[PDB]
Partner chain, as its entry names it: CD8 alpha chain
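What follows is a single chain, given as structure tokens, in the form deposited without the partner chain.
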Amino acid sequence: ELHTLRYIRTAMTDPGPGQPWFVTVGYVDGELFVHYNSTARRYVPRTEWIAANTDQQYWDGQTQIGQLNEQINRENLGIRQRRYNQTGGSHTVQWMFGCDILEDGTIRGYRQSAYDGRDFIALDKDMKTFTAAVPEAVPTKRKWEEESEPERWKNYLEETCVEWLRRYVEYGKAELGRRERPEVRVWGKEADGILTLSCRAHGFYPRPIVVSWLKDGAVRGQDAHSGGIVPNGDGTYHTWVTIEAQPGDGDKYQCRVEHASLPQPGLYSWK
């Protein structure tokens, strides 16, 4: 803890070429563990631990939950387009929901939706009502509140979501609690007369990390540029920070990498 469970849903009129129009993927503590799409018509494990700690019930049920959501989302695409007076084109429904369990026993939840990449509607903090982000979502607010949708999502988020998240974290404790050391490389090709120094951490886990440039031993932040944290294909991450120097001042710069996996912070020069 903190521990998180997150589901994100995409429903699109224009995927497109050999791509599924409907997808749902689940993440525990920010890592992919579950996948469903309209081509497969099947939920599948994406980590060894989820597969090893569930029975066939789990997959057959989730699969049919996925197939059900597929029909509901087909209609919702239709409904939102009509609200927006659309008769064609690329459009998308997005759902994003889940729960957090904070180290302190306190939980959190959120249920929010977008249309064409913009806020459409969401359950509000007290989980008693929905707040439409656009006028087109107003009839939806009215309908759901008449149908006691908020209460139904209060239960899912505060009980169902949390209880299952407890099971998941327990299943994949070892995997989620592991550490993987980044290999770091510093490099500086140039031209146009500027020495561009780059420092890259490869395959670190968990996610959090610090990669900084030092100039005369002093951290040169204001002007280093980061690509942020981007994922590898194996549940590890990558980051890449650059800085331009004089061609010759190269020897004055050092990249420093701090990570939980490291015996000591890495400190590396160019060349």
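The term rigid core refers to the maximal set of C-alpha atoms that superpose within 1.5 Å between the two forms. Positions refer to the first chain, counted from 1.
Mean C-alpha B-factor is higher over 207-215 than over the other stretch, the pair under comparison being 207-215 and 58-66. Taking only CA atoms, the mean B-factor in the PDB entry is higher for 188-196 than for the other of 188-196 and 84-92.
For the set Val44, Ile50, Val28, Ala245, the PDB entry assigns the largest Cα B-factor to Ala245. Among all modelled residues in its chain, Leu5 ranks in the lowest third by Cα B-factor. Among all modelled residues in this chain, the alpha-carbon of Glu258 has a temperature factor (C-alpha) in the middle third. Residue-level temperature factors show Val230 in the middle third of its chain, judged at the C-alpha atom. Remark: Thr239 belongs to the middle third of its chain, ranked by C-alpha B-factor as recorded. When the CA B factors of the chain's modelled residues are split into thirds, the value for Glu136 lands in the lowest one.
Although not depicted, the form deposited with the partner chain bound is the subject of the following passage.
Taking the partner from the other structure, the partner chain in the bound PDB entry has no heavy atom within 4.5 Å of any heavy atom of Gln57. Contact check for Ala52: no non-hydrogen atom falls within 4.5 Å of the partner chain in the bound PDB entry. The closest heavy atom approach of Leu2 to the partner chain in the bound PDB entry falls within 4.5 Å. Remark: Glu48 does not count among the residues lining the partner chain in the bound PDB entry, judged by a heavy atom distance of 4.5 Å or less. Using a 4.5 Å cut-off to the partner chain in the bound PDB entry, not one of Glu175, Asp251 and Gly266 places a heavy atom inside that distance. Looking at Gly105, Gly88, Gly117, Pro135 after a core superposition between this form and the one not shown, you find that only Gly105 has a C-alpha shift of 2 Å or more.
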